[PDB]
């Protein structure tokens, strides 16, 4: 279905395809804003809220073909024939899934710290526990919520990231659905090879795009190009936005 979006016209017309930014699990359209603020200098930008996140509609279903179709529905609503997609983690998986669903609607592709594979692990149990603790408490403000979350998590950056979605004493994302569909989110549905250049930006201090996923990654993205950002964790764009943008533009300029 159609997603909630924030669109902005390029500050300078350069005949470039528009860019759609897609955030990851527990995120919102503001998360890739750091990239949008730079890319808007010469590209029309579309920032989306993935289903069950931010102010986008809620649905009990959460799988990549569905999320990819959401992107198509959103492009159709904006009357955009083709666009370049940049997605982080879960959003990167939705974008990769789109290459199999509607390849003609995609120009270039950037996947930030993510691989097209089923990770077969639970990596958010403590985060879910923190989220639930906040909901159970009487916390109404971000500060009050943070206090409770610090009792479960010790990564301040993660706490602050999650709190962006804590408004009016309520979580913007659909917790029940994210928990129920978790296996599908960390999971993956193998797709046919996309025979076009694709940029992968892994974090040097993250296991999301390590060597054990290389075979599967190349099987689906034969012309994959990787640009590892040293000293960066999973939210690479939050830690080293400049490094991420340099990689993105080198790929977009395709010299």
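Residue numbers count along the first chain shown, from 1.
Q: Do the C-alpha atoms of 208 to 216 or of 49 to 57 have the higher average B factor in the entry?
A: According to the entry, 208 to 216 carries the higher average C-alpha B-factor.
Q: Is the mean CA B factor in the deposited entry higher across 161 to 169 or across 140 to 148?
A: Higher mean C-alpha B-factor: 140 to 148.
Q: Comparing recorded Cα B-factors across 184, 124, 82, 88, which one is largest?
A: Of 184, 124, 82, 88, 82 has the highest C-alpha B-factor.
Q: Name the one of 117, 111, 130, 75 with the greatest CA B-factor according to the PDB entry.
A: Answer for 117, 111, 130, 75: 75, with the highest C-alpha B-factor.
Q: Looking at the C-alpha B-factor of residue 7, is it in the lowest, middle or highest third of its chain?
A: It falls in the top third of the chain.
Q: In terms of the CA temperature factor given in the entry, to which third of its chain does residue 230 belong: lowest, middle or highest?
A: For residue 230, whose C-alpha B-factor we compare with every modelled residue in the chain, the answer is the highest third.
Q: Comparing against every modelled residue in the chain, figure out the third that the C-alpha B-factor of residue 70 lands in (lowest, middle or highest).
A: Lowest third.
Q: By its CA B factor, does residue 42 count among the lowest, middle or highest third of the modelled residues in the chain?
A: Its C-alpha B-factor belongs to the highest third of this chain's values.
Q: By the record's CA B-factor, is residue 100 among the lowest, middle or highest third of residues in the chain?
A: Middle third by C-alpha B-factor.
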